[PDB]
Amino acid sequence: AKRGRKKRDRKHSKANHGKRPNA
Amino acid sequence: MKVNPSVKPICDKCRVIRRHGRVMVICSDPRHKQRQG
Amino acid sequence: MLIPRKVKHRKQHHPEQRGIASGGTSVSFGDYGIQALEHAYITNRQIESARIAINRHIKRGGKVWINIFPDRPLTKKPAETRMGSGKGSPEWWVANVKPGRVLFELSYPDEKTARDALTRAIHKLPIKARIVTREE
Amino acid sequence: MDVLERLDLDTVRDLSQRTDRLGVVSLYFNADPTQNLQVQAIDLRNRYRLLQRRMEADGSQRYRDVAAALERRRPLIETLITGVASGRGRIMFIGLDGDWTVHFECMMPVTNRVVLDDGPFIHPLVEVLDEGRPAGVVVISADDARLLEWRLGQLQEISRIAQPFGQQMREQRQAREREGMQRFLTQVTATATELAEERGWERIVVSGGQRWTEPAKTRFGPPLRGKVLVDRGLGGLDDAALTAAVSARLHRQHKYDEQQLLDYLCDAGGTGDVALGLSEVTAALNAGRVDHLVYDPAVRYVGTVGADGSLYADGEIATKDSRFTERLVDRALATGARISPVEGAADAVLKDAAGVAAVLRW
Amino acid sequence: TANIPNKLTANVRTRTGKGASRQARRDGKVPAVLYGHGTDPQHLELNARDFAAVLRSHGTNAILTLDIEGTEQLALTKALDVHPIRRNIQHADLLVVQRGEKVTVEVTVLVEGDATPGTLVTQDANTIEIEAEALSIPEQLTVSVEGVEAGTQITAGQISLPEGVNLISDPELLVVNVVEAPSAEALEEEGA
Amino acid sequence: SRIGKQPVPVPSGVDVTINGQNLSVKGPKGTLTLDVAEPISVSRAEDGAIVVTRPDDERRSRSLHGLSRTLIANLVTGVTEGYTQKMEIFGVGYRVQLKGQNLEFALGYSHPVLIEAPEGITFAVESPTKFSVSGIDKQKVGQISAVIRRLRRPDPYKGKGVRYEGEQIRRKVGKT
Amino acid sequence: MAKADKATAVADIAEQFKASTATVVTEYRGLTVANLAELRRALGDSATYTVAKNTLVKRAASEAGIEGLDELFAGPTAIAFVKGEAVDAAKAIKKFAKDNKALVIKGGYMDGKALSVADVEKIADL
Amino acid sequence: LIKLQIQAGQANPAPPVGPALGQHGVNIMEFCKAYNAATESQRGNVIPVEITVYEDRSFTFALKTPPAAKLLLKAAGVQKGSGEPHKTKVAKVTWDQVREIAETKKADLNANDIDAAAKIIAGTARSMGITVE
RNA sequence: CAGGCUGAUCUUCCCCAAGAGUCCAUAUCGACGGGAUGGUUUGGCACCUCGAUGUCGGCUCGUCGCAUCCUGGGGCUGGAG
RNA sequence: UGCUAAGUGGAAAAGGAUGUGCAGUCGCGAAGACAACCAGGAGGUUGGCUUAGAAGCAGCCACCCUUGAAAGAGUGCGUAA
């Protein structure tokens with residue numbers, strides 16, 4: 001589950017402020 | 001040599017040291033020799 | 001294994017896992033105890049596995065108290081079926097544990113064996129815990 | 001006035017310690033219907049008659065009392081001839097002065113024997129127990145699974161499990177059935193392992209068919225996979241044929257194990273780890289060094305017994321008896337050794353050692 | 001028993017609430033309240049490390065002497081608010097007292113001595129109530145289990161109290177219970 | 001700490017030269033040179049002794065302080081007394097003979113094995129099953145002895161192979 | 001061996017010092033408890049044979065005017081107090097000294113003065 | 001030095017004395033004949049022997065008083081002591097009896113007084129559950 | 001049917017050590033309980049394709065991973081050879 | 001002004017561990033503490049029971065006394081004992 005984990009974990013950027021669509 | 005995530009001093013003469021970034025147990029009894037990995 | 005004799009409602013919502021414990025955070029019966037540090041459902045099988053680990057270590061003398069009871073049931077629907085058509089039948093009984101709650105207790109004449117026996121039981125539980133005493 | 005069940009080494013030890021003021025007579029009756037039963041009955045009666053006549057041809061107070069006691073306990077033998085259950089081999093220990101009797105029956109065959117002794121005569125019972133160790137039987141099909149136990153030549157059921165995972169292209173259906181069958185094997189082997197740990201099984205006979213017999217063998221753990229016997233035709237057999245097949249398989253395995261033990265004893269004889277010959281075996285039993293005693297049950301050993309109970313072989317310097325094997329077995333039981341009577345040890349491999357050998361503890 | 005009161009410096013709080021108490025604790029302080037027969041509570045602040053030192057050695061029912069901005073006061077510790085996890089002192093109730101006054105106080109009882117080797121000592125009641133003078137509260141109470149045989153109930157009425165101390169709780173409290181040591185078979189049937 | 005706070009006494013017939021951080025010592029039986037780690041300063045007291053000091057009590061200054069004193073102490077011992085090692089051989093048919101300046105070993109192989117002597121050390125043989133390795137440098141002597149020791153794999157059953165003079169190996173038993 | 005235990009032990013040695021007519025000091029290293037028993041039984045009539053920490057004895061030596069014995073408390077040390085007589089005690093040591101050879105005499109105190117190792121030997125002879 | 005216990009009334013048994021000093025190269029028959037000659041004065045109390053061998057295998061054996069544990073069992077009439085002392089006590093022994101054992105152990109104990117040696121024997125009685133009065 | 005998310009089930013490891021192992025938890029097996037990786041099995045969802053993404057097995061041709069069957073280098077052994 | 005030596009920064013659990021920095025309690029110590037070297041480490045006795053054996057050291061119960069500077073009814077290794 002590398003693709004799913006990477007896409008969810010990239011919502012912890014400073015520009016996203018902890019949220020992205022589709023998590 | 002035992003390669004386990006957990007190393008412990010099985011007997012009273014085992015010593016825990018740190019070589020090259022690993023944690024190791026060295027004893028005069030060759031069975032008790034073991035490293036972390 | 002600990003099982004209630006009867007319950008009014010057999011299918012229930014999941015227990016909530018928010019907040020810290022209000023009551024049961026102090027050692028009352030014995031001299032040593034195990035205090036939780038995380039939220040979990042402690043199943044009635046992990047309690048039996050954890051109080052036999054204490055029994056084996058201390059052998060003959062001493063007394064053991066279990067301060068939590070597996071009252072609340074969790075369901076499980078039949079295997080390999082689509083979603084829908086009812087709610088599953090109960091299968092295991094859990095206890096809602098919050099941080100600060102004291103789970104087990106022990107009385108034993110000497111300290112080194114008492115703290116070793118309680119350590120053998122923290123390794124059977126799905127949470128972190130620490131050993132506390134009656135003193136302040 | 002009681003009937004024993006579940007014979008084992010502890011029960012044999014506790015029974016051999018009994019005693020009677022006059023004596024105990026031990027009767028082993030061979031009621032196998034393959035041989036003529038009336039012949040065995042007459043043979044047993046004749047053996048009793050010779051025992052009684054040898055009592056009555058001495059001329060002593062003790063001997064006349066013993067002869068009277070023997071004449072009084074006559075009808076118990078005709079009771080034995082028509083015993084309680086439907087067994088092949090029957091065994092009865094009768095106390096002379098007292099009014100106590102012990103009855104036992106088993107499917108393992110025996111040979112007629114009437115022995116008068118201070119205590120019960122144990123030797124053939126140990127042989128029967130050696131040849132009748134328990135085992136488990138597991139039968140698998142695509143639908144169900146039977147679990148049975150074999151003990152002393154008799155098969156009794158334990159469980160009958162059904163397929164819980166049994167429920168479009170043919171390939172997908174076959175794959176689903178394969179997965180269900182694998183889960184079924186895992187569950188059945190788990191149940192069998194639990195039962196083996198419970199009831200002390202030594203060997204397991206696993207049958208699955210022409211496809212599912214080897215996977216079931218490999219599912220068992222390393223503790224048990226070394227003691228699993230593979231047979232493929234156990235399915236569809238009735239109880240009689242099933243019992244016959246399991247008995248034959250276990251007999252073959254037991255003979256193979258005995259051959260391996262004899263080879264080990266022959267090889268290790270010479271390094272001082274094991275002792276060969278009656279003299280060294282008796283000397284080791286005196287100090288209780290024997291961890292494993294092996295003797296040929298057919299050979300009639302002659303021995304001498306001292307005041308302190310120590311056993312002395314021929315030429316060792318004192319009451320001399322011809323039923324010395326009973327004393328050897330009693331001492332081995334007393335010292336906690338393991339008795340393995342290998343039928344035929346004194347023939348080829350251990351011919352120079354008369355068939356008797358011991359595995360020393362040090 | 002004569003106890004020399006412990007001197008502690010107290011400051012009157014300017015702002016109360018939950019935002020001001022959290023900030024006070026972040027600066028090594030503890031909020032406190034000083035009520036009693038003065039009948040007008042005072043909101044104080046105490047040093048966190050100095051307060052904990054007094055409680056560590058002189059017990060929980062420590063007599064105090066607060067310096068409330070130049071005014072001396074005799075106070076007694078009444079209650080404490082301790083975090084279950086972090087094990088802090090979040091608050092402290094203080095009761096004003098004067099010399100020659102009787103107060104009701106719970107003191108701890110300790111079990112010293114080795115009993116018969118085939119017995120297990122189980123202590124039921126941790127503390128008992130007394131009624132002593134303001135400056136004469138015992139720091140702890142002790143009982144002796146030396147040669148006590150089999151099943152005996154050591155009751156709260158048999159605790160040896162100093163002079164000027166009167167038992168308040170009923171004299172039928174089972175304080176210490178000495179019983180036969182459980183065997184291995186008795187362990188496996190407790191909690192199954 | 002305890003190791004590196006004591007001086008290194010210098011006997012009479014030793015010429016010690018300090019050039020900044022590079023330290024040289026001349027003795028009756030050779031010359032040796034040592035380069036000291038930068039935080040530690042090496043200097044000679046007026047009583048003819050070499051002293052090492054460290055400015056700070058940091059983790060790295062303490063570690064290199066006790067280290068540096070011992071190498072200096074080993075540096076003056078190797079030029080006045082020297083270093084030697086006594087070794088032995090056990091087993092039947094196991095022998096040593098000194099060929100030229102090298103060594104010949106017979107250790108149950110199908111071929112003799114030689115040990116070329118590196119410059120700085122010399123070999124000496126007393127008995128066919130007894131020899132020694134001597135030199136001027138402590139680490140050079142120790143390294144070559146280790147190579148000789150591991151010529152045969154350790155034998156816990158009969159103890160065949162090369163050992164040290166005081167070596168006390170561990171043993172077991174294979175009976176049959 | 002806390003502060004009081006050390007203080008207790010120094011009082012006993014000082015108490016055991018004034019009650020003795022004379023005293024001799026020896027070193028005992030290498031003597032088995034079986035060997036120590038024989039020497040004590042032979043001396044058990046009058047003398048008492050004890051050992052203690054040298055530093056703690058020196059403090060006990062400050063209670064009595066025996067300031068000339070401060071150099072006898074280096075190395076292992078056994079002090080043998082004689083309750084009565086002087087000839088009997090020294091001779092019993094000599095027969096032991098010439099047998100085990102592991103016990104030698106460090107010195108002795110008498111008449112307010114330390115007595116040399118040879119001069120202690122003459123008490124038994126006289 | 002092999003510490004061995006042979007009862008006084010037993011001559012040349014197999015278990016106790018047979019393999020004990022046989023393996024050490026010591027005489028197997030010559031020990032008993034000197035031992036039986038000396039041990040026939042008691043004839044009723046088991047007395048241990050300390051086989052002290054010399055360079056030429058000459059053994060300077062020494063005879064010892066019977067154990068203080070045995071001397072308390074027959075001083076109270078019970079064959080074997082208690083397996084659970086402090087719970088079951090087999091018998092009773094008067095304080096005057098205890099001094100008698102300390103008298104026959106006088107050459108084998110540490111104590112100099114008779115009261116101190118009485119306490120030593122009383123220690124062994126405690127371990128086997130014999131009350132001393 | 002394939003792809004995608006999940007990972008109950010499956011698979012590969014691991015944490016504590018009750019015990020088996022003639023003695024001896026850790027030569028070799030490791031129970032009750034706990035924590036995870038992989039996306040290889042059976043499933044759950046129904047996100048692309050129904051103005052068409054042809055489905056099992058074999059043949060021909062391959063390319064990659066190592067969680068290694070042989071060959072290659074070692075530590076421990078209840079490894080005498 | 002400090003921290004990190006891991007390219008951590010620039011993925012992950014139970015759990016294992018003399019990595020390092022800060023703050024706070026407790027014990028021992030110039031009456032010589034910790035480490036190292038020299039010497040003692042005993043007697044009743046092989047404590048009692050159990051066991052083929054059980055002698056400090058499978059297991060169960062107790063855990064005393066003496067000479068003493070101290071010496072445990074014994075912290076490990078080891079022998080069938």
# chains A, B, ... in the order shown; residues from 1 in each chain; ligands from 1
$ residues_around --residues "region 171-174 of chain E" --least-positions-apart "3" --cutoff "6 Å" --atoms "only C-alpha atoms (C1' of nucleotides)" --output "PyMOL selection string"
chain E and resi 155-157
$ write_last_selection --atoms "N, CA, C and O atoms" --output "PDB file, in the first residue's frame"
ATOM      1  N   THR E 155      -8.607  -4.682  64.279  1.00  0.00           N
ATOM      2  CA  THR E 155      -9.691  -3.731  64.099  1.00  0.00           C
ATOM      3  C   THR E 155      -9.224  -2.323  64.460  1.00  0.00           C
ATOM      4  O   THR E 155      -8.235  -2.134  65.171  1.00  0.00           O
ATOM      5  N   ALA E 156      -9.950  -1.325  63.946  1.00  0.00           N
ATOM      6  CA  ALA E 156      -9.572   0.067  64.163  1.00  0.00           C
ATOM      7  C   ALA E 156      -9.682   0.483  65.622  1.00  0.00           C
ATOM      8  O   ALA E 156      -9.128   1.521  66.001  1.00  0.00           O
ATOM      9  N   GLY E 157     -10.391  -0.283  66.447  1.00  0.00           N
ATOM     10  CA  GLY E 157     -10.449   0.024  67.861  1.00  0.00           C
ATOM     11  C   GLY E 157      -9.235  -0.395  68.658  1.00  0.00           C
ATOM     12  O   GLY E 157      -9.081   0.044  69.801  1.00  0.00           O
TER      13      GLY E 157
END
$ residues_around --residues "residue 72 (chain D)" --least-positions-apart "4" --cutoff "12 Å" --atoms "only C-alpha atoms (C1' of nucleotides)" --output "JSON, numbers by chain"
{"D": [52, 65, 66, 67, 68, 76, 77, 94, 95, 96, 97, 98, 99]}
$ residues_around --residues "region 288-295 of chain D" --least-positions-apart "4" --cutoff "6 Å" --atoms "only C-alpha atoms (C1' of nucleotides)" --output "PDB file with N, CA, C and O atoms (P, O5', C5', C4', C3', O3' and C1' of nucleotides), in the first residue's frame"
ATOM      1  N   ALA D 284      24.163 -52.839  36.693  1.00  0.00           N
ATOM      2  CA  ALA D 284      23.670 -51.482  36.493  1.00  0.00           C
ATOM      3  C   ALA D 284      22.318 -51.279  37.163  1.00  0.00           C
ATOM      4  O   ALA D 284      22.029 -50.191  37.673  1.00  0.00           O
ATOM      5  N   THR D 335      13.173 -48.319  39.746  1.00  0.00           N
ATOM      6  CA  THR D 335      14.167 -47.281  39.502  1.00  0.00           C
ATOM      7  C   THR D 335      13.728 -46.257  38.464  1.00  0.00           C
ATOM      8  O   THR D 335      14.514 -45.371  38.122  1.00  0.00           O
ATOM      9  N   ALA D 337      13.039 -46.685  35.238  1.00  0.00           N
ATOM     10  CA  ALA D 337      13.530 -46.912  33.890  1.00  0.00           C
ATOM     11  C   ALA D 337      12.362 -47.092  32.927  1.00  0.00           C
ATOM     12  O   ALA D 337      11.190 -47.086  33.314  1.00  0.00           O
ATOM     13  N   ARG D 338      12.685 -47.250  31.648  1.00  0.00           N
ATOM     14  CA  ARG D 338      11.701 -47.543  30.615  1.00  0.00           C
ATOM     15  C   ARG D 338      11.936 -48.955  30.102  1.00  0.00           C
ATOM     16  O   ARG D 338      13.059 -49.304  29.725  1.00  0.00           O
ATOM     17  N   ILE D 339      10.881 -49.761  30.092  1.00  0.00           N
ATOM     18  CA  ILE D 339      10.965 -51.164  29.709  1.00  0.00           C
ATOM     19  C   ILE D 339      10.466 -51.299  28.278  1.00  0.00           C
ATOM     20  O   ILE D 339       9.333 -50.914  27.967  1.00  0.00           O
ATOM     21  N   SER D 340      11.312 -51.845  27.408  1.00  0.00           N
ATOM     22  CA  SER D 340      10.981 -52.066  26.002  1.00  0.00           C
ATOM     23  C   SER D 340      11.289 -53.514  25.658  1.00  0.00           C
ATOM     24  O   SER D 340      12.385 -53.829  25.177  1.00  0.00           O
ATOM     25  N   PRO D 341      10.353 -54.425  25.895  1.00  0.00           N
ATOM     26  CA  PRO D 341      10.581 -55.820  25.508  1.00  0.00           C
ATOM     27  C   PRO D 341      10.521 -55.992  24.001  1.00  0.00           C
ATOM     28  O   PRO D 341       9.443 -55.931  23.402  1.00  0.00           O
ATOM     29  N   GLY D 355      20.244 -61.024  24.362  1.00  0.00           N
ATOM     30  CA  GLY D 355      19.071 -60.210  24.141  1.00  0.00           C
ATOM     31  C   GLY D 355      18.797 -59.161  25.196  1.00  0.00           C
ATOM     32  O   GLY D 355      17.884 -58.348  25.011  1.00  0.00           O
ATOM     33  N   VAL D 356      19.552 -59.142  26.288  1.00  0.00           N
ATOM     34  CA  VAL D 356      19.338 -58.194  27.375  1.00  0.00           C
ATOM     35  C   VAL D 356      20.392 -57.099  27.288  1.00  0.00           C
ATOM     36  O   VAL D 356      21.584 -57.379  27.111  1.00  0.00           O
ATOM     37  N   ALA D 357      19.951 -55.848  27.392  1.00  0.00           N
ATOM     38  CA  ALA D 357      20.841 -54.703  27.306  1.00  0.00           C
ATOM     39  C   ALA D 357      20.195 -53.529  28.023  1.00  0.00           C
ATOM     40  O   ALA D 357      18.993 -53.529  28.299  1.00  0.00           O
ATOM     41  N   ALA D 358      21.012 -52.525  28.322  1.00  0.00           N
ATOM     42  CA  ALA D 358      20.532 -51.371  29.064  1.00  0.00           C
ATOM     43  C   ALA D 358      21.249 -50.121  28.584  1.00  0.00           C
ATOM     44  O   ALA D 358      22.421 -50.165  28.208  1.00  0.00           O
ATOM     45  N   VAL D 359      20.530 -49.007  28.601  1.00  0.00           N
ATOM     46  CA  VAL D 359      21.084 -47.699  28.279  1.00  0.00           C
ATOM     47  C   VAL D 359      21.382 -47.002  29.598  1.00  0.00           C
ATOM     48  O   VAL D 359      20.467 -46.561  30.300  1.00  0.00           O
ATOM     49  N   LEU D 360      22.663 -46.898  29.937  1.00  0.00           N
ATOM     50  CA  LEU D 360      23.058 -46.360  31.229  1.00  0.00           C
ATOM     51  C   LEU D 360      22.752 -44.869  31.319  1.00  0.00           C
ATOM     52  O   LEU D 360      22.714 -44.155  30.315  1.00  0.00           O
ATOM     53  N   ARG D 361      22.526 -44.403  32.549  1.00  0.00           N
ATOM     54  CA  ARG D 361      22.291 -42.991  32.808  1.00  0.00           C
ATOM     55  C   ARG D 361      23.578 -42.185  32.904  1.00  0.00           C
ATOM     56  O   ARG D 361      23.519 -40.952  32.879  1.00  0.00           O
TER      57      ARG D 361
ATOM     58  P     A J  52      12.257 -43.453  43.317  1.00  0.00           P
ATOM     59  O5'   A J  52      13.829 -43.687  43.412  1.00  0.00           O
ATOM     60  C5'   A J  52      14.366 -44.976  43.669  1.00  0.00           C
ATOM     61  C4'   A J  52      15.824 -45.043  43.296  1.00  0.00           C
ATOM     62  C3'   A J  52      16.678 -43.886  43.783  1.00  0.00           C
ATOM     63  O3'   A J  52      17.129 -44.095  45.108  1.00  0.00           O
ATOM     64  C1'   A J  52      17.154 -44.367  41.498  1.00  0.00           C
TER      65        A J  52
END
$ residues_around --residues "residue 76 (chain I)" --least-positions-apart "2" --cutoff "10 Å" --atoms "only C-alpha atoms (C1' of nucleotides)" --output "ChimeraX atom specification"
/B:1-2,30-34 /I:27,79
$ closest_atom_pairs --of "chain G" --to "chain J" --cutoff "7 Å" --atoms "only C-alpha atoms (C1' of nucleotides)" --output "Markdown table"
| residue | atom | partner | partner_atom | distance |
| --- | --- | --- | --- | --- |
| G:6 | CA | J:31 | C1' | 6.4 |
| G:29 | CA | J:39 | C1' | 5.4 |
| G:30 | CA | J:39 | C1' | 5.2 |
| G:32 | CA | J:40 | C1' | 6.4 |
| G:33 | CA | J:42 | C1' | 6.0 |
| G:51 | CA | J:69 | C1' | 6.1 |
| G:52 | CA | J:69 | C1' | 6.6 |
| G:56 | CA | J:31 | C1' | 6.4 |
$ write_last_selection --atoms "N, CA and C atoms" --output "PDB file, in the first residue's frame"
ATOM      1  N   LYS G   6      30.477   2.797  62.661  1.00  0.00           N
ATOM      2  CA  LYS G   6      31.892   3.129  62.784  1.00  0.00           C
ATOM      3  C   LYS G   6      32.189   3.755  64.140  1.00  0.00           C
ATOM      4  N   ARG G  29      47.824 -12.105  57.148  1.00  0.00           N
ATOM      5  CA  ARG G  29      47.361 -12.434  55.803  1.00  0.00           C
ATOM      6  C   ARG G  29      47.809 -13.829  55.388  1.00  0.00           C
ATOM      7  N   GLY G  30      46.870 -14.604  54.855  1.00  0.00           N
ATOM      8  CA  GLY G  30      47.142 -15.950  54.402  1.00  0.00           C
ATOM      9  C   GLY G  30      46.727 -17.059  55.341  1.00  0.00           C
ATOM     10  N   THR G  32      44.093 -19.461  57.101  1.00  0.00           N
ATOM     11  CA  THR G  32      42.757 -20.031  57.014  1.00  0.00           C
ATOM     12  C   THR G  32      42.057 -19.938  58.368  1.00  0.00           C
ATOM     13  N   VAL G  33      40.720 -19.963  58.339  1.00  0.00           N
ATOM     14  CA  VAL G  33      39.952 -19.885  59.579  1.00  0.00           C
ATOM     15  C   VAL G  33      40.277 -21.058  60.493  1.00  0.00           C
ATOM     16  N   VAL G  51      40.887  -8.204  64.870  1.00  0.00           N
ATOM     17  CA  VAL G  51      41.334  -7.370  63.763  1.00  0.00           C
ATOM     18  C   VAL G  51      40.320  -6.250  63.576  1.00  0.00           C
ATOM     19  N   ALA G  52      40.772  -5.166  62.951  1.00  0.00           N
ATOM     20  CA  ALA G  52      39.899  -4.034  62.676  1.00  0.00           C
ATOM     21  C   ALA G  52      40.538  -3.163  61.605  1.00  0.00           C
ATOM     22  N   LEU G  56      40.263   3.130  61.676  1.00  0.00           N
ATOM     23  CA  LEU G  56      39.369   3.165  62.825  1.00  0.00           C
ATOM     24  C   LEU G  56      40.103   2.820  64.117  1.00  0.00           C
TER      25      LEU G  56
END
$ select_by_dssp --residues "chain A" --states "helix (DSSP H, G or I)" --output "list in words"
residues 2, 3, 4, 5, 6, 7, 8 and 9 of chain A
$ closest_atom_pairs --of "chain F" --to "chain J" --cutoff "12 Å" --atoms "only C-alpha atoms (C1' of nucleotides)" --output "CSV"
residue,atom,partner,partner_atom,distance
F:2,CA,J:35,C1',11.0
F:58,CA,J:20,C1',11.6
F:59,CA,J:20,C1',9.5
$ write_last_selection --atoms "N, CA and C atoms" --output "CSV table (one decimal), in the first residue's frame"
chain,number,residue,atom,x,y,z
F,2,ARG,N,41.3,9.1,34.6
F,2,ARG,CA,42.3,8.5,35.4
F,2,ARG,C,43.5,8.0,34.6
F,58,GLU,N,34.6,18.0,27.4
F,58,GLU,CA,33.6,17.6,26.4
F,58,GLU,C,33.7,16.0,26.2
F,59,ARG,N,32.7,15.5,25.5
F,59,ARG,CA,32.7,14.1,25.3
F,59,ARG,C,33.9,13.6,24.5
$ interface_residues --of "chain D" --to "chain F" --cutoff "10 Å" --atoms "only C-alpha atoms" --output "PyMOL selection string"
chain D and resi 268+270-273
$ select_by_dssp --residues "region 221-294 of chain D" --states "strand (DSSP E)" --output "list in words"
residues 228, 229, 230, 274, 275, 276, 290, 291, 292, 293 and 294 of chain D
$ residues_around --residues "residue 17 (chain G)" --least-positions-apart "6" --cutoff "9 Å" --atoms "only C-alpha atoms (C1' of nucleotides)" --output "VMD selection string"
chain G and resid 23 60 to 61 64 81
$ residues_around --residues "residue 12 (chain H)" --least-positions-apart "4" --cutoff "8 Å" --atoms "only C-alpha atoms (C1' of nucleotides)" --output "PyMOL selection string"
chain H and resi 17-18+29+32
$ write_last_selection --atoms "C-alpha atoms" --output "PDB file, in the first residue's frame"
ATOM      1  CA  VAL H  17      31.618 -47.747  49.745  1.00  0.00           C
ATOM      2  CA  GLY H  18      31.885 -49.661  46.459  1.00  0.00           C
ATOM      3  CA  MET H  29      38.880 -53.853  50.591  1.00  0.00           C
ATOM      4  CA  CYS H  32      36.795 -51.442  55.278  1.00  0.00           C
TER       5      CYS H  32
END
$ residues_around --residues "residue 24 (chain G)" --least-positions-apart "5" --cutoff "7 Å" --atoms "only C-alpha atoms (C1' of nucleotides)" --output "list in words"
residues 79, 80, 81, 107, 108 and 109 of chain G
$ write_last_selection --atoms "N, CA, C and O atoms" --output "PDB file, in the first residue's frame"
ATOM      1  N   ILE G  79      45.523  -7.156  66.210  1.00  0.00           N
ATOM      2  CA  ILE G  79      45.953  -6.697  67.524  1.00  0.00           C
ATOM      3  C   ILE G  79      45.506  -7.721  68.555  1.00  0.00           C
ATOM      4  O   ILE G  79      44.319  -8.063  68.632  1.00  0.00           O
ATOM      5  N   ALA G  80      46.460  -8.226  69.331  1.00  0.00           N
ATOM      6  CA  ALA G  80      46.208  -9.253  70.331  1.00  0.00           C
ATOM      7  C   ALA G  80      46.379  -8.641  71.712  1.00  0.00           C
ATOM      8  O   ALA G  80      47.506  -8.387  72.150  1.00  0.00           O
ATOM      9  N   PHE G  81      45.262  -8.404  72.390  1.00  0.00           N
ATOM     10  CA  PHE G  81      45.262  -7.835  73.727  1.00  0.00           C
ATOM     11  C   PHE G  81      45.459  -8.957  74.734  1.00  0.00           C
ATOM     12  O   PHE G  81      44.796  -9.995  74.646  1.00  0.00           O
ATOM     13  N   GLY G 107      54.985  -5.471  66.164  1.00  0.00           N
ATOM     14  CA  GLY G 107      55.534  -4.737  67.285  1.00  0.00           C
ATOM     15  C   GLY G 107      54.685  -4.941  68.525  1.00  0.00           C
ATOM     16  O   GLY G 107      53.760  -5.754  68.540  1.00  0.00           O
ATOM     17  N   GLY G 108      55.023  -4.182  69.564  1.00  0.00           N
ATOM     18  CA  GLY G 108      54.310  -4.285  70.822  1.00  0.00           C
ATOM     19  C   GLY G 108      54.444  -3.024  71.642  1.00  0.00           C
ATOM     20  O   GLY G 108      55.422  -2.280  71.526  1.00  0.00           O
ATOM     21  N   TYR G 109      53.442  -2.796  72.489  1.00  0.00           N
ATOM     22  CA  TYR G 109      53.379  -1.623  73.349  1.00  0.00           C
ATOM     23  C   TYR G 109      53.432  -2.063  74.804  1.00  0.00           C
ATOM     24  O   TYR G 109      52.680  -2.953  75.215  1.00  0.00           O
TER      25      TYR G 109
END
$ interface_residues --of "chain I" --to "chain C" --cutoff "12 Å" --atoms "only C-alpha atoms (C1' of nucleotides)" --output "count of residues only"
16
$ interface_residues --of "chain J" --to "chain D" --cutoff "12 Å" --atoms "only C-alpha atoms (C1' of nucleotides)" --output "ChimeraX atom specification"
/J:51-53,79-81
$ atom_distance --atom1 "CA of residue 36 (chain H)" --atom2 "CA of residue 318 (chain D)"
23.6 Å
$ interface_residues --of "chain H" --to "chain G" --cutoff "12 Å" --atoms "only C-alpha atoms" --output "number ranges by chain"
H: 109-112
$ closest_atom_pairs --of "chain J" --to "chain B" --cutoff "9 Å" --atoms "only C-alpha atoms (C1' of nucleotides)" --output "Markdown table"
| residue | atom | partner | partner_atom | distance |
| --- | --- | --- | --- | --- |
| J:15 | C1' | B:6 | CA | 7.5 |
| J:16 | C1' | B:6 | CA | 4.2 |
| J:17 | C1' | B:23 | CA | 6.7 |
| J:18 | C1' | B:17 | CA | 7.5 |
| J:76 | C1' | B:12 | CA | 7.3 |
